[PDB]
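Structure record follows, encoded as structure tokens.
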Amino acid sequence: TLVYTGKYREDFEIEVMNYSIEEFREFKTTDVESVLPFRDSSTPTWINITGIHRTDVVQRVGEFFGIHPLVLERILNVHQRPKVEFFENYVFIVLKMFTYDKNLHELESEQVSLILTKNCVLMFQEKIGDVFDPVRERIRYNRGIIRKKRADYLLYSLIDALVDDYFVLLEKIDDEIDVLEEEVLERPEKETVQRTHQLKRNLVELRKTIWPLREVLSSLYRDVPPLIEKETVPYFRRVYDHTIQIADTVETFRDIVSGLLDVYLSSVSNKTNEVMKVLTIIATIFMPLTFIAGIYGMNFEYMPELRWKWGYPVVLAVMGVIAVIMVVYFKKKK
Amino acid sequence: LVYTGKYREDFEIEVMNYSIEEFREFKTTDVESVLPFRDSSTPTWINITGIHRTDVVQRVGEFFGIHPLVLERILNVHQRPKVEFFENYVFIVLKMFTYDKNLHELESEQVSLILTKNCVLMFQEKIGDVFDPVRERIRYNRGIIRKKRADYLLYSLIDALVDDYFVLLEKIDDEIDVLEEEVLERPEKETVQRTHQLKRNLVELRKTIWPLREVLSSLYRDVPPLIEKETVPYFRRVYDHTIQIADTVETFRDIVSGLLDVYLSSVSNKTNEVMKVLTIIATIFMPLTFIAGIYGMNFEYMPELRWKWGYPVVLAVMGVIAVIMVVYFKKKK
Amino acid sequence: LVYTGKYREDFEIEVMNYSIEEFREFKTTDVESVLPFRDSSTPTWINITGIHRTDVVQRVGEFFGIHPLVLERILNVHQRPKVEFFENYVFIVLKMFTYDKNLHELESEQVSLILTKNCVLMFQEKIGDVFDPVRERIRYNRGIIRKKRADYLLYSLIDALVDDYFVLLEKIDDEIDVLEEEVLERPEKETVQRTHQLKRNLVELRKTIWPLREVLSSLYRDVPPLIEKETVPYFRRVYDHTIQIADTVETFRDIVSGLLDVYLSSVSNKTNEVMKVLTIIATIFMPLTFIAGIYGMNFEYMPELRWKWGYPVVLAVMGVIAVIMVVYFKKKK
Amino acid sequence: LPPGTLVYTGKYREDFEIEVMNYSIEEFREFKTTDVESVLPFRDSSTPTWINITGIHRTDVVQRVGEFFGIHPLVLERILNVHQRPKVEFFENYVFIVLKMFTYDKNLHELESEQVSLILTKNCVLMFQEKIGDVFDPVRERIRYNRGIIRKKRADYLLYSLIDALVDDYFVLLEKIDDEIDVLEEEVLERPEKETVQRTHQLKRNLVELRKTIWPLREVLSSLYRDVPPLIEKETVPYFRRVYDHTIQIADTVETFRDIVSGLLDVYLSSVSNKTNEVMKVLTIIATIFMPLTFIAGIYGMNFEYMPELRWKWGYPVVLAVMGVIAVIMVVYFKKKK
Amino acid sequence: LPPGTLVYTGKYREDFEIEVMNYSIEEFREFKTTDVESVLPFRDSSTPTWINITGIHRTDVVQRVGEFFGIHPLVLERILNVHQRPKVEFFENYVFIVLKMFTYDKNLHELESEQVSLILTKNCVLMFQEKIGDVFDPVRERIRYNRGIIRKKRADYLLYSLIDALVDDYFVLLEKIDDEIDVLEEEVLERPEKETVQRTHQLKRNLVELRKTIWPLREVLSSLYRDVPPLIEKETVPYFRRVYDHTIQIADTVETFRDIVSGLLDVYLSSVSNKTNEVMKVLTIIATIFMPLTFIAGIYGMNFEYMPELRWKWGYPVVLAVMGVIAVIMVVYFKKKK
Ligand SMILES: [Mg+2]
Ligand SMILES: [Mg+2]
Ligand SMILES: [Mg+2]
Ligand SMILES: [Mg+2]
Ligand SMILES: [Mg+2]
Ligand SMILES: [Mg+2]
């Protein structure tokens, strides 16, 4: 049985985009029954179910299209590494889309499940919001192929779109690293340490996903049953290559960011050491001088030096000389 | 055959013989009453709680035909999760964990399972377990467990136990979120304590999960008296869970490894801010007190003491020097 | 053939020839009296203590037909645990450890075992070993060691030795617990030292256990004049133990790696506490002593000095500026 | 970006030219055109030719050439995408190779990377650079002045020659970096300033970027060393081994540096901490002799009446004596510290 | 120069000698020429011989010998390039081996490495050193006094004998290093000095260089232990195992040292940090008793009027009393902080 583990409740819509070599149709219903017929449609269809907290709908569709119910349980469990299972009817794919909110610097991950079946691609999102608008455009307009190709290319097209998003995400992150690696060693901030730890954390979650993502495309690139080897596989290679390019970049960032707090310590240590130097040069000229001026404010009666008309200047002289010898001796430090 | 554990006080035996049509249950402390079920034609769940009673483990081990090295393992609770297959029975060792809030430390009881014929033998240390879900489903004939044989019973138990780990990870994630906030506020020994505690717990946790993943890898691939027919896809579900779990723990370990480095960075800054204050104070008032110390030397012939635009003029120069200082603190604060 | 060790004073030889009914034992210092047992049709346990007597190692090595490179290894005690198989004898090198609390250090004696035909040769450095359990089972005819051949004898010895490591790890876990308190609550003079010592010991320990795991991996997989019929499942029990042990040591190393980082974090706190005190003191009394320094200036025309409601008004202003400060220090403390 | 098409991802606009160096044992000719058509014929030249296309932002030119020589268009898309790990793909006719050339800015201690793509086809080596600037002048000289044996050898040796040249460059880069490490690992023990920390972090970062390329570079030469189809095994493979060995030597060096540099900030912490501890020692010995002495001198400047000691007149000296003794006991007590 | 040619990359540019030791079970022929031509004949000797060429900066000599014995010229280029990881290449006529000998100066805490190249051919072991100085005297003194069984055995055992000698040297090196660690791990505990940190970093660095060599050394002996073409499997391979085992034993020991030394700076921080915290404690207890006491004594040196307490005949004592009490309260409050 079938519980949704996610946290996304409010949304529910269904997009259909049935398209053919000439002329492409598209609606948004909230009525699951209206979409089911496309199961049997002779040109490719992209049924996009947003809001799988509506588990009833996932059940109805899973049954009608003939998806083993363990798969439907996976689809609904969003805490899960990217993966690919092949079957007799259908390929089942689980992916993540990320979203990096600058400002408060945290990244959410929605989970997108794709099933390729017959001439359909089923898509299961958690909440409205996705990366796929490029693919909608290409269908609505035409811009190269996609119109001309079957549902396996549709799947290619979607998975490409999603992986291209990761590049945009990494750009945002590289940008944050550059900011951060400045804050640490020139212009620091209240929240620098926090952010540095945040960034580490995000990179972890990111890395944990990309390595598996590289597997799923490794699978879609070698053995490939109802994907037309004749055409589609070289495209799925293009995307596989991208995920390698991506996985490298993340290793780079993790590597780099691991040093930042160590830089930040070294900075603060400097900065503290400079504070202490100042305190010390001040303390170490004026404490003995105030001690001397403290002696000659003693109210003792056998105080011969107090008589001198030349004694007041001579202390000012010795107080000054002691101070000048000190400042010289601080041709080590400051 | 010695019991290495520390749990003495409990001893009971629960039987739950079930079929598609009826289920029996009882609790004896009389081992002889349970033995017959060895040959029962519908699945039985014999649950022996209190293995400090080694006599009972011996009697049962003999009757069911369990090689005595296995009975020695069953009794030794300091031990990594394991699976050994045999001709007649599968032997499995697992752990159940318990997160003590307060102490923030986690204890572990050891559960040994043997699947034999149409029986699942269960060997606990002490009363307390994670399996009540499975009891409910049998009692109230839920899901499909009544319809299925003893290998599904085993699936059902091992699933229940592995689901428990998710609950444990939730408690831990919750602590990490708390902690990773506490780390960058006021400096307190308690924070450091907890941080070290959390590291330690994640170690013990990791040391168990990796092996647990192996046992389910084994139950997913070779599979002799598990009906490949049906049961293996379920044991996959659980195997997948244990991967999901091991990934989470690697994530937490990774994350928590940084926390004391954050904490250092934070306290060090916080201290540096304290020193800044000491220094700005020390560095305006020490030279001012020095000036006021000069005038107040009890010297004879001190011309400035007499002049009466003099007391004001020092107050003036003392103030100006102080304002020059605060300006020069156009770097720090 | 030189003995690289440091242990000179001891030499004796124990023999324990046993059969399904009658066991003999003696202690000679006369090597010739033991040699005959080479041909004994029931298993014999010849235990040569004091291999600094290299003459004795030579004589025995020759008589039993042990390639002389092996005899050179036996005598070289600075060496990782090893197993070499030969056509007719297995050669095994192991370590026994000894942890002294107080002065927190561990020594390691090296034990070499050769299994040949119906003999187990044992080569110790000095009197002292872990094997007394095995002697008592042979003397009082316990378990089933009397019933079994010389390959089980070997099992029995290697098991005994590996079980010792568990006892060692308990002592070490106990030191960790002590230490991880000294770091968090209530430190001591030598904590940093000991922390480094413990790391070092865990290195030496780890350096042996990983190889020990290999030797038992070898004795578990291919295994030629070990009766596969019986003995191999026991050698598995020991192999499993050595994994359990290697995990535990990885656990300790993991844990102990954190200690100095905890200790820094605690010192950092502790320092930050100190600086806070220095600063609140410095920052109330420096400006107050400055004011009291002004009115001890010996200037003429100091109107306030003879404004009599002046001494009180300063005491008032000195107190007020102090109370404002203490308020401002419900941030820090 | 619909997947088929041909866009240049780099940042180098600005330059475009084409060098040809057709050589044989007896003559070589060379020219620089900006007219792609003039180069194409050399496809069928019976002696080896080195067509070097600088400025692949001109994607039109990459397309024209790719078509004429028969390069699957996915490869042409890779050639144009410069954010990419070194790699080797073999094909029926042509070997395709992607490499990086590095450039260490002193100043900004940072290192940029141009991407060089090489295709070996029949008796040609196609070279695709981003911008004018390369490491290959050694190979040009050897052709121009007929040195070593490159004139005698075919286009697969040309490829060897180029890849050797490029790999030798990395050694020069590592020298610059070793030199920086040696400097830095000294500077870490001197005064605390931020510039040190900066550089230390810069160096770590550079070694990361460096490591990211070398490990793949080692693979490409591993491939060129083992299976080798239109490389004459007779002759060329032992040379490609020489270069493979170099890249191992190189990768070891970088692992070495990363290993070493990982410690530097830890050294620097230990330095500054010491240095601070020495500052504090001075503050403390000063504060701890003069605070109690100023306190004594503060007592005897109290304006109290009935202050007997102020009178009885071996008194001023006796305080100076006790103030001095207290000070000398302090300095003695400070042969625990400094 | 082109890559093909023969340059010596090392820094040892003064020594040149050649030793020959052509031995049989009864006659052994040793001389030292600087004349390369006199040694070349021995290639054909039916009993084993050990030609030892010291000073490969004389590249002419390496060339002449390499040609006469038939050593592919890429190998001769490797022999001359001393910046290079230990390795083994097998050929149809000869095994080629590259090794390092190390030398640890205490005082100056640094280690030099000379590179030794060995070629085993027919019945002759060629040895190529950089400079006079080596570890092989044991092997000479077994051939000269006909000890062990080296006289009885062929040139493959000669090679065994040399490689064993060299590997045994590493044990002596590790003892010197263990000795430094012991010194250092004492010097960390007690002291804040500048040279300690330096040395600690130095030792890390040395253990890196050492580790970078031993892991490859383990490989070369792994190769000489397994496939072994005309190394007489009958006899020699069990000896080459003995040495292979040694190199594992050695590699462990350095992993041990690296492990151990990785902690030292962390110990050193923790010490200094404590040490500083103890300094600050003293400053603070002094500051925090005497600052408020000097403040009180500062009040009663105010030149005000009226100041009633100045007259009161118990004023001066009562402050001395209150100043003492406030001090004693402080010292008690400092049983928290030692
Ligand atoms: Mg006065
Ligand atoms: Mg489940
Ligand atoms: Mg650290
Ligand atoms: Mg414990
Ligand atoms: Mg694209
Ligand atoms: Mg070259």
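In the structure tokens, chains take letters A, B, ... by order of appearance, with residues numbered from 1 within each chain and ligands from 1 in the order shown.
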Subject >> chain C contacts to chain E at 7 Å (only C-alpha atoms) as a list in words >> reply: residues 79, 80, 192, 193, 200, 203, 260, 264, 267, 271, 274, 278, 281, 285, 288, 289, 292, 293, 295, 296, 305, 306, 308 and 311 of chain C
For N, CA and C atoms, I'd like the residues from the last selection saved as a short mmCIF file (atom, residue, chain, number, x, y, z; two decimals), in the first residue's frame.
```cif
data_model
loop_
_atom_site.label_atom_id
_atom_site.label_comp_id
_atom_site.auth_asym_id
_atom_site.auth_seq_id
_atom_site.Cartn_x
_atom_site.Cartn_y
_atom_site.Cartn_z
N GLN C 79 57.94 -8.09 12.40
CA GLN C 79 57.36 -8.84 11.30
C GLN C 79 55.85 -8.86 11.40
N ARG C 80 55.18 -8.70 10.27
CA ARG C 80 53.72 -8.71 10.25
C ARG C 80 53.23 -10.14 10.24
N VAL C 192 46.72 15.52 26.87
CA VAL C 192 47.14 15.61 25.46
C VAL C 192 48.14 14.51 25.15
N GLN C 193 49.16 14.40 25.98
CA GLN C 193 50.08 13.29 25.89
C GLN C 193 49.36 11.96 25.73
N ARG C 200 48.67 6.34 18.99
CA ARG C 200 49.85 5.57 18.60
C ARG C 200 49.62 4.08 18.80
N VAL C 203 47.36 2.61 16.36
CA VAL C 203 48.06 2.38 15.12
C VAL C 203 48.75 1.03 15.16
N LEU C 260 41.34 15.32 20.24
CA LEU C 260 42.11 16.54 20.35
C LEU C 260 41.31 17.73 19.81
N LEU C 264 40.58 20.98 21.95
CA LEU C 264 40.67 22.36 21.48
C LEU C 264 39.39 23.15 21.74
N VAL C 267 39.17 23.96 25.41
CA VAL C 267 40.13 25.04 25.73
C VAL C 267 39.66 26.39 25.20
N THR C 271 39.15 29.53 27.39
CA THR C 271 39.84 30.79 27.15
C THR C 271 38.86 31.95 26.98
N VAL C 274 37.83 33.16 30.13
CA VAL C 274 38.83 33.93 30.83
C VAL C 274 38.80 35.34 30.32
N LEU C 278 38.48 39.08 32.26
CA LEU C 278 39.46 40.14 32.12
C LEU C 278 38.79 41.39 31.57
N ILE C 281 36.23 43.28 33.93
CA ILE C 281 36.99 43.95 34.97
C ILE C 281 37.69 45.17 34.40
N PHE C 285 36.79 49.16 35.58
CA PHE C 285 37.72 49.81 36.50
C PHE C 285 38.75 50.73 35.86
N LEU C 288 37.04 54.11 35.65
CA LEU C 288 36.84 54.60 37.03
C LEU C 288 38.15 55.07 37.69
N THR C 289 39.22 54.28 37.55
CA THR C 289 40.55 54.69 38.04
C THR C 289 41.04 55.94 37.31
N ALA C 292 39.24 58.84 39.07
CA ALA C 292 39.86 59.03 40.38
C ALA C 292 41.31 59.48 40.22
N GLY C 293 41.83 59.31 39.00
CA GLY C 293 43.15 59.79 38.66
C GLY C 293 43.16 61.27 38.34
N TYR C 295 41.08 63.55 39.70
CA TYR C 295 40.88 64.30 40.92
C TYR C 295 41.97 64.08 41.95
N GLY C 296 43.01 63.34 41.56
CA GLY C 296 44.25 63.32 42.31
C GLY C 296 45.34 64.10 41.61
N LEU C 305 37.02 70.40 43.34
CA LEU C 305 37.66 69.90 44.56
C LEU C 305 37.13 70.62 45.79
N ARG C 306 36.69 71.86 45.58
CA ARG C 306 36.12 72.66 46.65
C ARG C 306 34.73 73.10 46.24
N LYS C 308 32.50 70.67 47.32
CA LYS C 308 32.01 69.81 48.39
C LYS C 308 30.87 68.84 48.06
N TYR C 311 32.77 65.45 45.76
CA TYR C 311 33.23 64.12 46.15
C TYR C 311 32.09 63.10 46.07
#
```
**OP:** Give as JSON, numbers by chain every residue of chain A that touches chain B within 7 Å, counting only C-alpha atoms.
**Re:** {"A": [80, 193, 201, 204, 261, 264, 265, 268, 272, 275, 279, 282, 286, 290, 293, 294, 296, 297, 306, 307, 308, 309, 312]}
Those residues you just picked out, can you put them in a file as a PDB file, in the first residue's frame with N, CA, C and O atoms?
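Output file again_10.pdb is given in full below:
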```
ATOM      1  N   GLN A  80      14.943   8.917  -1.572  1.00  0.00           N
ATOM      2  CA  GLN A  80      15.275   7.842  -2.482  1.00  0.00           C
ATOM      3  C   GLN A  80      16.319   8.312  -3.487  1.00  0.00           C
ATOM      4  O   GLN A  80      16.242   9.423  -4.012  1.00  0.00           O
ATOM      5  N   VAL A 193      30.628  31.951   8.721  1.00  0.00           N
ATOM      6  CA  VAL A 193      30.760  30.568   9.165  1.00  0.00           C
ATOM      7  C   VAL A 193      29.508  29.742   8.858  1.00  0.00           C
ATOM      8  O   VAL A 193      29.588  28.670   8.254  1.00  0.00           O
ATOM      9  N   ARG A 201      27.084  21.390   3.346  1.00  0.00           N
ATOM     10  CA  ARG A 201      25.920  20.524   3.467  1.00  0.00           C
ATOM     11  C   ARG A 201      25.229  20.336   2.127  1.00  0.00           C
ATOM     12  O   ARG A 201      24.938  19.204   1.734  1.00  0.00           O
ATOM     13  N   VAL A 204      26.890  18.195  -0.252  1.00  0.00           N
ATOM     14  CA  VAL A 204      26.848  16.782   0.119  1.00  0.00           C
ATOM     15  C   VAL A 204      25.623  16.247  -0.530  1.00  0.00           C
ATOM     16  O   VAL A 204      25.672  15.195  -1.155  1.00  0.00           O
ATOM     17  N   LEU A 261      36.862  26.838   6.103  1.00  0.00           N
ATOM     18  CA  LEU A 261      36.881  27.103   7.544  1.00  0.00           C
ATOM     19  C   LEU A 261      38.280  27.112   8.098  1.00  0.00           C
ATOM     20  O   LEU A 261      38.558  27.794   9.090  1.00  0.00           O
ATOM     21  N   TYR A 264      39.474  30.442   7.358  1.00  0.00           N
ATOM     22  CA  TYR A 264      38.794  31.381   8.231  1.00  0.00           C
ATOM     23  C   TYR A 264      39.423  31.389   9.648  1.00  0.00           C
ATOM     24  O   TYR A 264      39.603  32.431  10.254  1.00  0.00           O
ATOM     25  N   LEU A 265      39.767  30.219  10.156  1.00  0.00           N
ATOM     26  CA  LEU A 265      40.521  30.150  11.383  1.00  0.00           C
ATOM     27  C   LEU A 265      41.825  30.899  11.266  1.00  0.00           C
ATOM     28  O   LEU A 265      42.183  31.695  12.130  1.00  0.00           O
ATOM     29  N   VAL A 268      41.179  34.582  11.472  1.00  0.00           N
ATOM     30  CA  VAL A 268      40.812  35.061  12.813  1.00  0.00           C
ATOM     31  C   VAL A 268      42.035  35.043  13.718  1.00  0.00           C
ATOM     32  O   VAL A 268      42.232  35.944  14.526  1.00  0.00           O
ATOM     33  N   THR A 272      43.296  38.123  15.645  1.00  0.00           N
ATOM     34  CA  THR A 272      43.479  38.125  17.088  1.00  0.00           C
ATOM     35  C   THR A 272      44.912  38.490  17.482  1.00  0.00           C
ATOM     36  O   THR A 272      45.144  39.308  18.380  1.00  0.00           O
ATOM     37  N   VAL A 275      45.343  42.069  17.358  1.00  0.00           N
ATOM     38  CA  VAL A 275      44.730  42.766  18.495  1.00  0.00           C
ATOM     39  C   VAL A 275      45.665  42.720  19.682  1.00  0.00           C
ATOM     40  O   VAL A 275      45.940  43.745  20.296  1.00  0.00           O
ATOM     41  N   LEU A 279      47.291  45.708  22.199  1.00  0.00           N
ATOM     42  CA  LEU A 279      47.098  45.741  23.619  1.00  0.00           C
ATOM     43  C   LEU A 279      48.466  45.703  24.285  1.00  0.00           C
ATOM     44  O   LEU A 279      48.750  46.516  25.170  1.00  0.00           O
ATOM     45  N   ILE A 282      50.785  48.857  24.015  1.00  0.00           N
ATOM     46  CA  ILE A 282      50.217  49.921  24.833  1.00  0.00           C
ATOM     47  C   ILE A 282      50.465  49.624  26.297  1.00  0.00           C
ATOM     48  O   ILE A 282      50.958  50.475  27.048  1.00  0.00           O
ATOM     49  N   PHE A 286      52.960  52.019  28.800  1.00  0.00           N
ATOM     50  CA  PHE A 286      52.288  52.897  29.759  1.00  0.00           C
ATOM     51  C   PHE A 286      52.166  52.375  31.189  1.00  0.00           C
ATOM     52  O   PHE A 286      51.956  53.164  32.108  1.00  0.00           O
ATOM     53  N   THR A 290      53.204  54.785  34.156  1.00  0.00           N
ATOM     54  CA  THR A 290      52.222  55.133  35.179  1.00  0.00           C
ATOM     55  C   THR A 290      52.696  54.718  36.573  1.00  0.00           C
ATOM     56  O   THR A 290      52.323  55.334  37.593  1.00  0.00           O
ATOM     57  N   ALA A 293      55.106  57.588  37.592  1.00  0.00           N
ATOM     58  CA  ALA A 293      54.308  58.736  37.970  1.00  0.00           C
ATOM     59  C   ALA A 293      53.491  58.437  39.224  1.00  0.00           C
ATOM     60  O   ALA A 293      52.979  59.352  39.881  1.00  0.00           O
ATOM     61  N   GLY A 294      53.378  57.154  39.550  1.00  0.00           N
ATOM     62  CA  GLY A 294      52.693  56.723  40.765  1.00  0.00           C
ATOM     63  C   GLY A 294      53.577  56.836  41.983  1.00  0.00           C
ATOM     64  O   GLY A 294      53.108  57.106  43.085  1.00  0.00           O
ATOM     65  N   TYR A 296      55.964  59.165  42.358  1.00  0.00           N
ATOM     66  CA  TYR A 296      56.196  60.557  42.696  1.00  0.00           C
ATOM     67  C   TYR A 296      54.915  61.277  43.044  1.00  0.00           C
ATOM     68  O   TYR A 296      54.928  62.479  43.294  1.00  0.00           O
ATOM     69  N   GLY A 297      53.820  60.529  43.109  1.00  0.00           N
ATOM     70  CA  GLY A 297      52.618  61.002  43.784  1.00  0.00           C
ATOM     71  C   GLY A 297      52.416  60.368  45.151  1.00  0.00           C
ATOM     72  O   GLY A 297      51.386  60.585  45.781  1.00  0.00           O
ATOM     73  N   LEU A 306      61.902  65.293  45.035  1.00  0.00           N
ATOM     74  CA  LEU A 306      60.757  66.192  44.881  1.00  0.00           C
ATOM     75  C   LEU A 306      61.188  67.650  45.020  1.00  0.00           C
ATOM     76  O   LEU A 306      60.559  68.539  44.456  1.00  0.00           O
ATOM     77  N   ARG A 307      62.275  67.876  45.761  1.00  0.00           N
ATOM     78  CA  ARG A 307      62.881  69.227  45.955  1.00  0.00           C
ATOM     79  C   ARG A 307      63.413  69.878  44.671  1.00  0.00           C
ATOM     80  O   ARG A 307      63.069  71.009  44.362  1.00  0.00           O
ATOM     81  N   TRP A 308      64.267  69.155  43.952  1.00  0.00           N
ATOM     82  CA  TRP A 308      64.812  69.590  42.662  1.00  0.00           C
ATOM     83  C   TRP A 308      63.841  70.442  41.871  1.00  0.00           C
ATOM     84  O   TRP A 308      62.684  70.074  41.684  1.00  0.00           O
ATOM     85  N   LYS A 309      64.326  71.556  41.343  1.00  0.00           N
ATOM     86  CA  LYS A 309      63.588  72.253  40.303  1.00  0.00           C
ATOM     87  C   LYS A 309      63.804  71.507  38.990  1.00  0.00           C
ATOM     88  O   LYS A 309      63.079  71.717  38.031  1.00  0.00           O
ATOM     89  N   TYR A 312      61.295  67.222  38.132  1.00  0.00           N
ATOM     90  CA  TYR A 312      60.109  67.055  37.294  1.00  0.00           C
ATOM     91  C   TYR A 312      60.456  66.849  35.804  1.00  0.00           C
ATOM     92  O   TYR A 312      59.935  65.924  35.176  1.00  0.00           O
TER      93      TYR A 312
END
```
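With chain C fixed and chain B moved onto it by least squares, the Cα RMSD over every paired residue reaches 0.7 Å.
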**OP:** Counting only C-alpha atoms, collect the residues of chain A whose closest atom lies at most 8 Å from chain D, and write them out as a VMD selection string.
**Re:** chain A and resid 143 to 144 185 235 238 245 248 252 255 to 256 259 262 to 263 265 to 267 269 to 270 273 276 to 277 279 to 280 283 to 284 287 to 288 290 to 291 294 to 295 297 to 303
Original post:
Between CA of residue 221 (chain A) and CA of residue 46 (chain A), what is the spacing in Å?
Top reply: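 Between CA of residue 46 (chain A) and CA of residue 221 (chain A) the gap is 21.8 Å.
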**OP:** Using backbone DSSP assignments, extract all alpha helix (DSSP H) residues from region 118-294 of chain E; output them as a ChimeraX atom specification.
**Re:** /E:137-144,155-190,194-223,237-261,264-294
Subject >> Protein and nucleic residues near ligand 2, 9 Å, only C-alpha atoms and all ligand atoms, as a PyMOL selection string >> reply: (chain A and resi 70+73) or (chain B and resi 156+159-160+163+234-238+241)
**OP:** Give the strand (DSSP E) residues of region 52-229 of chain E, as assigned by DSSP on the backbone, as an NGL selection string.
**Re:** :E and (52-54 or 87-90 or 94-105 or 110-121 or 124-129)
Original post:
Of the residues D:150, D:165, D:82, D:328, which is the one nearest to ligand 6, using only C-alpha atoms and all ligand atoms?
Top reply: D:165
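CA of residue 111 (chain C) lies 11.1 Å from CA of residue 131 (chain C).
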**OP:** Grab me every residue within 10 Å of ligand 4, counting only C-alpha atoms and all ligand atoms, and send it over as a ChimeraX atom specification.
**Re:** /B:105,107,200,204 /C:170,173-174,176-177
Hey, can you spit out that residue selection with N, CA and C atoms as a tab-separated table (two decimals), in the first residue's frame?
```
chain	number	residue	atom	x	y	z
B	105	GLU	N	22.69	8.54	24.19
B	105	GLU	CA	23.48	7.40	23.72
B	105	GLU	C	22.55	6.30	23.30
B	107	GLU	N	21.67	2.24	22.88
B	107	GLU	CA	21.86	0.85	23.27
B	107	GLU	C	21.48	-0.03	22.10
B	200	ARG	N	30.00	9.98	18.03
B	200	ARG	CA	30.17	8.64	18.57
B	200	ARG	C	29.01	7.74	18.16
B	204	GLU	N	28.77	4.16	15.83
B	204	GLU	CA	28.25	2.86	16.23
B	204	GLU	C	27.21	2.47	15.24
C	170	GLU	N	38.70	-4.46	25.26
C	170	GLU	CA	37.92	-3.99	26.39
C	170	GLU	C	38.77	-3.03	27.22
C	173	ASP	N	38.94	0.28	25.17
C	173	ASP	CA	37.66	0.99	25.26
C	173	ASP	C	37.58	1.68	26.63
C	174	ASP	N	38.00	1.00	27.69
C	174	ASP	CA	38.01	1.58	29.03
C	174	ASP	C	38.92	2.82	29.10
C	176	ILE	N	39.72	4.79	26.46
C	176	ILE	CA	38.99	5.79	25.70
C	176	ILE	C	37.93	6.50	26.55
C	177	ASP	N	37.20	5.74	27.36
C	177	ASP	CA	36.11	6.32	28.12
C	177	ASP	C	36.71	7.30	29.10
```
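The list of residues with at least one atom within 10 Å of residue 228 (chain A), based on only C-alpha atoms and without residues fewer than 6 positions apart in the same chain, reads residues 150, 152 and 153 of chain A.
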Okay, now the selection with C-alpha atoms, as a CSV table (one decimal), in the first residue's frame?
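Below you can see selection.csv, which holds the result:
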```csv
chain,number,residue,atom,x,y,z
A,150,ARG,CA,8.6,8.8,-30.8
A,152,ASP,CA,11.6,7.4,-26.3
A,153,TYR,CA,13.0,10.7,-27.6
```
Subject >> E:20, E:177, E:75, E:254 ranked by distance to chain D, top pick (using only C-alpha atoms) >> reply: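 Looking only at the distances to chain D, the closest residue turns out to be E:75.
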Original post:
Could you pull the residues within 7 Å of residue 124 (chain D), counting only C-alpha atoms, minus those fewer than 2 positions along the same chain, as a list in words?
Top reply: residues 43, 48, 49, 50, 120, 121, 122, 126 and 155 of chain D
Subject >> Which of D:137, D:180, D:175, D:164 sits closest to chain E [using only C-alpha atoms] >> reply: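 Closest residue, counting only C-alpha atoms: D:164.
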**OP:** List the neighbours of residue 127 (chain D) out to 6 Å using only C-alpha atoms; skip same-chain residues closer than 3 positions along the sequence, and give me the result as an MDAnalysis selection string.
**Re:** chainID D and resid 52:53 117:118
Original post:
Excluding same-chain residues fewer than 5 positions from region 19-32 of chain B, what lies within 7 Å of it counting only C-alpha atoms, as a VMD selection string?
Top reply: chain B and resid 12 to 14 42 to 43 56 146 to 147
**OP:** Write out as a list in words which residues come within 7 Å of residue 95 (chain A) when counting only C-alpha atoms, dropping same-chain ones fewer than 6 positions away.
**Re:** residues 82, 111, 112 and 113 of chain A
Write the residues you've just listed into a file as a short mmCIF file (atom, residue, chain, number, x, y, z; two decimals), in the first residue's frame, and include C-alpha atoms for each of them.
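So the final result, stored in part.cif, reads:
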```
data_model
loop_
_atom_site.label_atom_id
_atom_site.label_comp_id
_atom_site.auth_asym_id
_atom_site.auth_seq_id
_atom_site.Cartn_x
_atom_site.Cartn_y
_atom_site.Cartn_z
CA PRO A 82 17.96 8.25 -8.47
CA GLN A 111 11.47 14.18 -6.96
CA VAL A 112 10.42 13.42 -10.49
CA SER A 113 9.51 9.90 -11.55
#
```
